[PDB]
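Colleague: Here is the sequence, then the experimental structure:
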Amino acid sequence: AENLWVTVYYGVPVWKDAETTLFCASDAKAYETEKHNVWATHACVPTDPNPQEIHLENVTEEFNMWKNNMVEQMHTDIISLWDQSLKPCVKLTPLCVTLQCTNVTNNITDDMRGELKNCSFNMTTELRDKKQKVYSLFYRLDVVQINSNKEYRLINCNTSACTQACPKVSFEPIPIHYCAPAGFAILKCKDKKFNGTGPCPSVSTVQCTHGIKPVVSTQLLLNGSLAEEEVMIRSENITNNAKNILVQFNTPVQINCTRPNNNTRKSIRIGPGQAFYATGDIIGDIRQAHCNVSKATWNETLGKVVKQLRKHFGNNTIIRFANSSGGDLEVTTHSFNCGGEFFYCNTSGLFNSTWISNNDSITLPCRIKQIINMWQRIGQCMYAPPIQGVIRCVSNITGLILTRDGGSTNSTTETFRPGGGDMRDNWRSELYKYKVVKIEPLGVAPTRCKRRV
Amino acid sequence: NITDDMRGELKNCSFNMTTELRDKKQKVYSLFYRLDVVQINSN
Amino acid sequence: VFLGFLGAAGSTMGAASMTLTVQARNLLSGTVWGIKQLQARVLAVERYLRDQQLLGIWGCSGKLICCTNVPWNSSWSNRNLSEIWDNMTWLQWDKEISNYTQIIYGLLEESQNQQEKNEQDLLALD
Amino acid sequence: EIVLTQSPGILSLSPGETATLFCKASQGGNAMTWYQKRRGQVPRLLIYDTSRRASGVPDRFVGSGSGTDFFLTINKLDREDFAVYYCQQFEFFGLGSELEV
Amino acid sequence: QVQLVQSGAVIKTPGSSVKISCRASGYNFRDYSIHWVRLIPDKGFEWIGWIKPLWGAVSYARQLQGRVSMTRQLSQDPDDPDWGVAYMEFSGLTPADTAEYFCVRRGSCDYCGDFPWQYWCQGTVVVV
Ligand SMILES: CC(=O)N[C@@H]1[C@@H](O)[C@H](O[C@@H]2O[C@H](CO)[C@@H](O[C@@H]3O[C@H](CO[C@H]4O[C@H](CO[C@H]5O[C@H](CO)[C@@H](O)[C@H](O)[C@@H]5O[C@H]5O[C@H](CO)[C@@H](O)[C@H](O)[C@@H]5O)[C@@H](O)[C@H](O)[C@@H]4O)[C@@H](O)[C@H](O[C@H]4O[C@H](CO)[C@@H](O)[C@H](O)[C@@H]4O)[C@@H]3O)[C@H](O)[C@H]2NC(C)=O)[C@@H](CO)O[C@H]1O
Ligand SMILES: CC(=O)N[C@@H]1[C@@H](O)[C@H](O[C@@H]2O[C@H](CO)[C@@H](O[C@@H]3O[C@H](CO[C@H]4O[C@H](CO[C@H]5O[C@H](CO)[C@@H](O)[C@H](O)[C@@H]5O[C@H]5O[C@H](CO)[C@@H](O)[C@H](O)[C@@H]5O)[C@@H](O)[C@H](O)[C@@H]4O)[C@@H](O)[C@H](O[C@H]4O[C@H](CO)[C@@H](O)[C@H](O)[C@@H]4O)[C@@H]3O)[C@H](O)[C@H]2NC(C)=O)[C@@H](CO)O[C@H]1O
């Protein structure tokens, strides 16, 4: 009996940390969306009607969301997926032309600059033989003064080429699930006070993640899943100012946004098959794009982050909020899509506070672009067609990407500013619950047993 | 300044090239090897 | 009782050696996205077959629990029976024996073919 | 803020010997970085994450430490090792220790 | 091989601003922050700030805020599109700003943080 023998085990519950290609899952209503619009919903496998996540009792697991792959994988999947969509969509090669632009029909005070330039230009025809002078409307940001005529050009003309998104497509973020292969598990930190790094007591295996819709947005991140108890403020290295802070809200703060102008679209035959969607007459008043949030709730929720922040910087500390320091329009402003057009909302009004140790709304203005250069584009750009009519969207704010000032001097007055830049932060914000592991079922161990002769 | 026997293998070529804008053009020059060009046909 | 796939993670190696057919079960069945699906579909059978490969080059195609003829080198663990089967978990246990698992496998490989080369001689004489 | 205090100010040793340099941080728990600056030359990263050697740094440089106490050890001193050495954590720096012959 | 090349030494009068350039090449310029740091005689190193080239987001040392501005320009050469230049402008100079200014970049290994600077420009001496 004293002599022990190894006996092999198949089906042993043990895993090694891994990386692997996952795959997407979506629901039937995403295909019911039809209209040939949603990206990759079609090639994407379906979800489960009765999903199950088995809780694993008595086990702890060392998570780290700042050294994860499935957010790098996702970030990549999103960039690829998007870029494959633009291949069929028409090229605006000849739209790069010397425009002759003026201001839009308006009677505004001199201080208020003109942001809608009415531009006429020699465009191409269905026939190589001919040409056509035709006019369109452009935002001031989509053009640059070229040089007593007032002539302009599309801003991309010196940086990159341009390709018009098919209107028969949609930008709506629909929920994606990242399902593992066989013999691969995803482990889910069910602890409701986890900062994203270290041992998690409450853990569960699961095939696919939750419905993670790809909202690509700077400053405040929207429509995301929110915390269960406290407003959790997560970072890789909090002490170091170079690293950003991911704030995850507890309560949703609803923010309504809109383009008040009843814009119109005309279609211009580049020919043949090619067809540019110009911006036609503005029906009605010429107003300003903007977003509203409750000053009451913003007060309330900015009070929550401060209560949490003092747990890291001292009880007797001043924590005020300031606007962006300076940089690209991509990062100096709350960027998002709304109805199919891209927004650039001044966040100075939100981040303008001060906090001591112890009924209207916030109108915040916006800009709008059509030729966009997202994901740090370099050789290619994309013209987002005019969306006919009036546009308005309603969304919750789920989080923030804040940034602290490194001047320091041990001052109890370290202030914060909204940030963005790298878009992995957004998927980092939703994927903090998850980790991918490689299943290894072949156990070997001694029990008093010999195999027969 | 080479001897007549030695043929010129570096041709300085000027040409109307295209611009970033469809509207315009640009005469610009480049250098080409004799093998990368052919006489087309007192220019 | 039925816990679920991996449910006996933090269970003792004795209790976890009950639910083996559950981890063994959910292990096979369950154009951008299209390629992801394909190199995940092969990865799962490659990874699966590599285990059946081992069980087969040993005698343990049964399988689950399979005894053998290579005796336990105390150097590998040296712990007593109770304190691994009624105490430790496989997550834990794996990291101890991890240093020699491939050396242990080699002992198994020779031992099986040795069995076959022998058993032919038995059926040969009888 | 973090205050890094290096010692000694000057260390006098011979080629072939081992130098030990110290850096005490006012706050514990962070990893340490070290740089070498030879007279009149661009600073050179030696150690990061407390003990990892940077690109092209020979193994006679050895970083270690824990809590608030950190060390740079230079084994079998070479003529080129005589220089000023600085420690860093995030944006904060020690004032340097000079290794002299 | 990563290379950071700065503009030359300059003499500045008090009240002046100095603009220092740092041409970065041998890697994808958008993928890494550039920091600026100054080595001051008898006072040691002082971190000035960082810039992230994608959006040009910046962070300035609290004690220098109001006196420093960092910007960048990305290559416009179609067959050599991945290098760029980082600029730092430092204003309201006094003799106390007499220092050697460096642009620096982190290492690109897995355990390399943001502040261990593996790559250094040759430095720019500014005498006020
Ligand atoms: C502001 C912002 O930024 N947030 C937006 C947000 O606006 C929006 O979500 C909305 O928010 C608003 C405000 O928070 C909501 O408005 C409030 O809604 C309720 C409306 O009450 C509801 O039901 C009422 C009927 O009352 C009774 O009757 C039922 C049917 O007969 C019956 O089942 C019930 O028992 C019930 O109780 C009794 O009453 C009946 C008679 O009605 C009686 O016979 C029974 O026996 C019972 O005694 C009805 O009144 C109402 O239409 C609604 O269905 C209101 O109480 C609030 O009104 C008060 O405040 C108004 C301004 O705030 C003020 O004008 C009024 O005078 C009132 O004092 C208020 O409207 C809203 O529902 C919700 N809107 C939407 C679209 O869902 C979302 C949307 O995008 O985004 C946020 O970001
Ligand atoms: C500034 C900023 O960035 N912060 C915003 C923030 O503004 C905002 O939250 C708001 O903050 C402001 C300022 O901090 C709040 O304003 C203050 O509110 C109180 C208002 O007092 C309240 O009740 C008053 C009535 O007084 C009495 O009467 C009751 C009813 O009759 C009774 O129950 C009570 O007993 C009470 O006591 C006695 O008085 C009555 C008569 O009123 C008497 O008969 C009784 O017997 C008692 O003796 C009423 O006055 C008032 O409307 C309110 O309901 C005020 O005192 C403050 O006013 C003073 O300061 C003003 C400027 O600061 C100055 O103009 C005045 O002259 C006063 O000196 C002040 O307004 C505010 O309530 C709150 N606002 C909101 C919307 O909630 C939030 C919102 O987003 O965000 C922050 O970021």
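Modeller: Sure, I can see it. Numbering: from 1, shown residues only, chains lettered A, B, ... in the order given. Ligands and ions are numbered 1, 2, ... in the order given.

Colleague: which SSE is the residue lying closest to residue A:424 once chain neighbours are set aside in?
Modeller: Using C-beta to C-beta, 6 or more residues apart in numbering or on different chains and skipping residues adjacent in sequence, the residue nearest residue A:424 is residue A:75, 4.9 Å away. In this view, the C-beta of every residue, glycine as well, is placed from N, C-alpha and C. Using DSSP states H and E, residue A:75 sits in helix A:70-85.

Colleague: ok, and does the next helix or strand after that helix reach over to chain B?
Modeller: Once the chain leaves helix A:70-85, the next helix or strand it forms, by DSSP H and E, is strand A:99-103. No: Strand A:99-103 stays clear of chain B (C-beta under 8 Å from any C-beta of the partner chain), getting no nearer than 9.4 Å.

Colleague: re the thing from before, give me the buried stretch members for the helix holding residue A:75, please.
Modeller: Under the neighbour-count criterion of 16 or more other C-beta atoms under 10 Å in any protein chain shown, helix A:70-85 has A:70, A:71, A:73, A:74, A:75, A:77, A:78, A:81, A:82, A:85 buried.

Colleague: can you list the residues you listed in JSON lines and add distance to ligand 1?
Modeller: As requested, those are exported to JSON lines (distance: C-beta to the nearest ligand atom, whole Å):
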{"residue": "A:70", "distance to ligand 1": "32"}
{"residue": "A:71", "distance to ligand 1": "29"}
{"residue": "A:73", "distance to ligand 1": "34"}
{"residue": "A:74", "distance to ligand 1": "28"}
{"residue": "A:75", "distance to ligand 1": "30"}
{"residue": "A:77", "distance to ligand 1": "31"}
{"residue": "A:78", "distance to ligand 1": "27"}
{"residue": "A:81", "distance to ligand 1": "29"}
{"residue": "A:82", "distance to ligand 1": "28"}
{"residue": "A:85", "distance to ligand 1": "30"}
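
Colleague: Out of these, the closest to ligand 2 would be?
Modeller: Proximity of these to ligand 2 was ranked by C-beta to the nearest ligand atom; the top entry is residue A:71 with 34.5 Å.

Colleague: shouldn't the closest one be in contact with residue A:431?
Modeller: Yes: the criterion here is C-beta atoms under 8 Å, and residue A:71 meets it with residue A:431 at 4.7 Å.

Colleague: any common contacting residues for the two?
Modeller: residue A:65 (C-beta atoms under 8 Å, 6 or more residues apart in numbering or on different chains).

Colleague: mind listing what the residue in chain E that ligand 2 sits nearest to touches?
Modeller: Residue nearest to ligand 2 within chain E: residue E:65 (23.9 Å; C-beta to the nearest ligand atom). Neighbour list for residue E:65: A:405, A:407 [criterion: C-beta under 8 Å, 6+ apart].

Colleague: what kind of secondary structure is residue 62 in?
Modeller: I'll assume chain A. Assigned by DSSP: H, G, I helix; E, B strand; the rest coil, the conformation of residue A:62 is strand.

Colleague: separation between it and residue A:435?
Modeller: 9 Å (C-beta to C-beta, to the nearest Å).

Colleague: what sits against the closest residue to residue D:13 other than its chain neighbours?
Modeller: Nearest residue to residue D:13, sequence neighbours excluded (C-beta to C-beta, 6+ apart): residue D:19, at 5.4 Å. For residue D:19, the contacting residues are D:11, D:13, D:72, D:73, D:74, D:77, D:81, D:99, by C-beta under 8 Å, 6+ apart.

Colleague: Now the second one: phi and psi?
Modeller: Backbone torsions for residue D:13, taken as degrees, to the nearest 10, come to phi -140, psi 170.

Colleague: in chain C, what residue sits furthest out from the centroid?
Modeller: Most distant from the centre of chain C: residue C:31, at 37.0 Å, with distances by C-alpha atoms, centre = their mean.

Colleague: nearest spatial neighbour of that one, skipping sequence neighbours?
Modeller: Excluding the flanking residues, the one nearest residue C:31 by C-beta to C-beta, 6+ apart is residue A:43, at 6.0 Å.

Colleague: quick one: secondary structure of the one you found?
Modeller: Going by three-state DSSP: residue A:43 is coil.

Colleague: cool, and residue A:262?
Modeller: strand.

Colleague: for it, what are its contacts?
Modeller: A:282, A:283, A:284, A:389, A:390.

Colleague: hang on, residue C:3 is in a helix, isn't it?
Modeller: No: looking at residue C:3 with three-state DSSP, it is coil, so not inside a helix.

Colleague: Which residues are in contact with it?
Modeller: Taking C-beta under 8 Å, 6+ apart, one finds A:54, A:57, C:11, C:19, C:22 in contact with residue C:3.

Colleague: Identify the residue nearest the second one in space, chain neighbours excluded?
Modeller: Think residue A:57. Nearest to residue A:57 is residue C:10, by C-beta to C-beta, 6+ apart, at 5.7 Å.

Colleague: So what's the residue count around that neighbour?
Modeller: When neighbours are counted by other C-beta atoms under 10 Å in any protein chain shown, residue C:10 registers 19.

Colleague: Is it correct that it falls within a helix?
Modeller: No: read with three-state DSSP, residue C:10 is coil and lies in no helix.

Colleague: wait, the residue nearest to residue A:424 sits on residue A:425?
Modeller: No: between residue A:75 and residue A:425 there is no contact, the gap being 9.7 Å when judged by C-beta under 8 Å.

Colleague: what do these two both touch?
Modeller: Contacts common to residue A:75 and residue A:425, judged by C-beta under 8 Å, 6+ apart, are absent.

Colleague: Could I get the phi/psi values of residue A:158?
Modeller: Torsion angles, degrees, to the nearest 10, at residue A:158: phi -110, psi -20.

Colleague: what's the distance between it and residue A:96?
Modeller: Using C-beta to C-beta, residue A:158 is found at 9 Å from residue A:96.

Colleague: want to throw the contacts of residue D:19 into JSON lines with secondary structure, distance to residue A:182 and neighbour count?
Modeller: Formatted as JSON lines, the contacts of residue D:19 follow (DSSP: H, G, I helix; E, B strand; the rest coil; distance: C-beta to C-beta, whole Å; neighbours: other C-beta atoms under 10 Å in any protein chain shown):
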{"residue": "D:11", "secondary structure": "strand", "distance to residue A:182": "60", "neighbour count": "17"}
{"residue": "D:13", "secondary structure": "coil", "distance to residue A:182": "61", "neighbour count": "16"}
{"residue": "D:72", "secondary structure": "strand", "distance to residue A:182": "50", "neighbour count": "26"}
{"residue": "D:73", "secondary structure": "strand", "distance to residue A:182": "50", "neighbour count": "13"}
{"residue": "D:74", "secondary structure": "strand", "distance to residue A:182": "53", "neighbour count": "24"}
{"residue": "D:77", "secondary structure": "coil", "distance to residue A:182": "57", "neighbour count": "18"}
{"residue": "D:81", "secondary structure": "helix", "distance to residue A:182": "55", "neighbour count": "20"}
{"residue": "D:99", "secondary structure": "strand", "distance to residue A:182": "58", "neighbour count": "20"}
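
Colleague: Just the closest of the residues you listed to chain B, please.
Modeller: Nearest to chain B among the contacts of residue D:19, counting by C-beta to the nearest C-beta, is residue D:81 at 51.4 Å.

Colleague: Does that closest one touch residue D:73 like I think?
Modeller: No: between residue D:81 and residue D:73 no contact is recorded; they are 11.3 Å apart, counting by C-beta under 8 Å.
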